[PDB]
């Protein structure tokens, strides 16, 4: 038994009635409990994420099966059996917070590893490639996919306009308009790092690395029709499914694999290994098992933990570094940037975002300083040996630069169509029918010029792909 109180810790005598002029009269300004309670209620909401607003979170554990010290000095990967706590958020992409989980979209797959050398965030998606290869385009791509800024409804004519004029999107669309565009839920879903990263070992040797998460529950997708049937009855079915699995002890898991590639393979390839519109062949760069992540604990409060969770591809740990991927390079900025706005300058003190490893630096102040700071010395260098100092054992590598000028220029060997064709041809007949069906439903109402350009991009990927789509849409492409 407990008293209801104000935020001043005064017990509340009456949580039912406002203070008024007799039992029916107007209300008095001197009602601190009323005003305090309504003023806080009036301030509950913070801005949603600019993308991936709809999502759900869980905690778990990552365990190393095969130590990776030959290839990376990352502490959390250094010994067989080594266990690291994680927090994970899954998400959709485009629509706002309360939107259905049955819509077509990539799904977010964001893993925060609380390591002994700091927090490591691997901010992935289910699908292993992306629509674009330069961050400068991301607001455009997003604006095109987001609800129309006049009508508040998503319009295929808008995002197809952008995508068709951005033919590097052709590989991604070939995956997204398979039925994997609507995963059955967050458990029965692939995960991918997408980008090439650099792994650096204790000798300073570097490899390119790709990450892949393979669901213990298998991959399962929804057709458009199966999605509609779910949507009719539940607009948060994946959020429900994840919570429910974990509450009943049926913990979902994923095995982590990597691919590794020498830096010197750049010239051996007909695409850029750091173009995030490209996968690497599993035949040429085989998947190597690392370990397993199991999610086994729901959050205690959705807002405090899942809503306020902050992930960044720039939360890298010794041994793991960015590649030159221009898309990744902009993400390194944009995540902490948006989080300072969304969550406050001190968002890194919110519990879910706090490292397990110690934090000591000379940053200070900012909105909502809750950490009881102390001491006179908030600058370095200083004369005091006991104050925090830089540690040269933790310097990052020094990547070689091949360019001799500061330029704005597309990568060489963009190769926009070849992998899309390879993917298309890798589909079963049943999967090819689904892809054509889904693309046809999306493209049938768009501007004719845009519709033709889409067909041409897919035709350049594979002639059969393009021809089938043309026939399904009633578009005669004989004169080309």
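Positions refer to the first chain, counted from 1.
Mean CA temperature factor is higher for 282 to 290 when stretches 282 to 290 and 187 to 195 are set side by side in the entry. 248 to 256 and 119 to 127 differ in mean CA B-factor, and the higher of the two is recorded for 248 to 256. In this structure the maximum Cα B-factor among 42, 48, 36, 422 is found at 422. Within the listed group 330, 108, 358, 313, the record reports its top CA B-factor for 358.
In this PDB entry, residue 363 carries a Cα temperature factor that places it within the lowest third of its chain's modelled residues. Among all modelled residues in its chain, residue 32 ranks in the middle third by Cα B-factor. Per the deposited record, the Cα B-factor of residue 54 falls in the lowest third when ranked against the other modelled residues of its chain. Residue 337: CA B factor in the lowest third of modelled residues in this chain (values from the PDB entry). The PDB entry assigns residue 160 a C-alpha temperature factor belonging to the lowest third of its chain's modelled residues.
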